[PDB]
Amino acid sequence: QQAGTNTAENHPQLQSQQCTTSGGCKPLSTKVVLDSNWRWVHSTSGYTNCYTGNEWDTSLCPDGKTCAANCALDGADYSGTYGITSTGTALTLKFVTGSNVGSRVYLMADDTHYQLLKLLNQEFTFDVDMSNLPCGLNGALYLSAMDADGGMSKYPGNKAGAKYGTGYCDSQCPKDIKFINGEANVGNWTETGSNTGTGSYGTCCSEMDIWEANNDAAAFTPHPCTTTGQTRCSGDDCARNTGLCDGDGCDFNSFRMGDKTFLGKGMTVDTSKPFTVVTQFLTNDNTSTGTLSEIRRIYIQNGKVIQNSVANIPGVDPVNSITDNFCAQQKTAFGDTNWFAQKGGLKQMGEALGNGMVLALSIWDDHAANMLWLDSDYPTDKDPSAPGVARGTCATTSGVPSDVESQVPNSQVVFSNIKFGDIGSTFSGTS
C-alpha cells in the first residue's frame, strides 16, 4: 500500500517506562498507531475508495500488486472516527464509534518504527480499568512478531510501513488482513460481515497474549509458530493449529483452571476497579540467552500484592505459572491437543520474545466464537462440567456481535502505566 496525504497522521502519545534494577524507571516518549485494516484506502491520485464496506474496487484492484500500486492508506481521526484517546499515559479504547467497531493500535518508538520489546528475562507491567468492559468484549494487550517497520524493507509494494500500522500478523494466521507482503489480499475475496472479508492469503507469526480479558474473566496465553517472523500463508499452512501456528495456545485463565472466585467483580482481583498486572518471562539460567522456562503473573490492587491463583484440576499439578509441564498437563486434562508443544512450546515462544516483538492494544468483539472461549462455556457442544469447558460466568448466549454492538456500544477499556524491564524492577514492595 502507498502512503496517503489527504489526512495528516498524528500518532497519539502514550508514554511508557523502561526500568532497571540499579537505576529504576525512566520515561520513553512512545506513541500509538492505528492498525492498517481500520484505515481509509483510496486511489493515490485522489479521493476514490479502493475499498468500501466489504468489497474492493476491481477497477483499481484487479490483482494484489496493481491494487497496492494504486491505493494509499491515509491518516486517522483517532478520537472522532475510532474512539481512541490518550492522556499521554493512559489509553482509552471505546467499543463503538458511529459505524466503527473496535480498534487495534501498536506501540511506537517514533513515527516510523514500532517499539521492539525484547522481554526474555524481563517483565512487562501495566494498569487496566475494565469497569466498563462487560461480557462478550475483549480488551487485549499482547505481543506479535511483527517487523519494526511494518514490512517496508522486505516488501517493495509497501510504502506505508509502521507509520500507517501495516504488517500485522498473529498466531491465527488471519486472512481478513487487507494488505500482506505489500500486496492487497484481494484473491478470492469473500465477504464475512458488513465491513469485513477474507482473501486467499493469511499472515502468521508467534504471539504472546499478555492480557485478554473483560470484567468477567481473563487469560494469558503464549502461541508459538514454527516460523520466524511475519509469514504470509496460503492453503493448509494457514490452517488453525495444524498449519504454521498454534492457534489455541497454552492458556492460563484462573476460572478455567479451577478457581472461580479469584478474579471478577468484587473478587480478590476486583475487576470493578483498576489494577496492575505484572507478567514476568523467566529463563532457565536467568539470562537473556536462556530458554524461556516460566511465565509468572503478579497482580497489585489497592497496594496489595496478589500472587496468581493456583490450578485446581485433577491431573494438573497445583501451580500458578505457565511452564511446559503445566501445558502438557492441562492439555491432557482438558482433552485438547498440545499444538503448543508441537510448535516448540515455551522454547519457541522464547526465541520469538528474544528476537523482539511489537505491542498491540485492542478492543474487539468476536464474530467466530462470541468470546465464549474467554468468559463462558466452550466449546458449545461439550459438557460444561468436564474439566476445562467453563471459563467464566457469562451466559452461553452472550457476546454475539450484533447484540453487544447495539446493547453496550459505549463499553471501553483503559490501559495505563505501561512499564517494562528487569525482573522485579517495574514495581516494588515494602513492610
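Throughout, we count residues from 1 along the sequence that is shown.
Stretch comparison (313-321 versus 136-144) by mean CA B-factor in the PDB entry places 313-321 on top. As recorded in the PDB entry, 256-264 is the stretch of 256-264 and 169-177 with the greater mean C-alpha temperature factor. The top Cα temperature factor in the record, among 36, 362, 29, 48, falls on 48.
Residue set 417, 412, 407, 13: peak C-alpha B-factor at 407 (per PDB entry). When all modelled residues of the chain are sorted by CA temperature factor, residue 158 is found within the middle third. Annotation for residue 74: CA B-factor lies in the middle third of the chain's modelled residues. Per-chain ranking of the deposited C-alpha B factor places residue 212 in the lowest third. Ranked within its chain, residue 270 lands in the middle third, by CA B factor from the PDB record. Residue-level temperature factors show residue 250 in the middle third of its chain, judged at the C-alpha atom.
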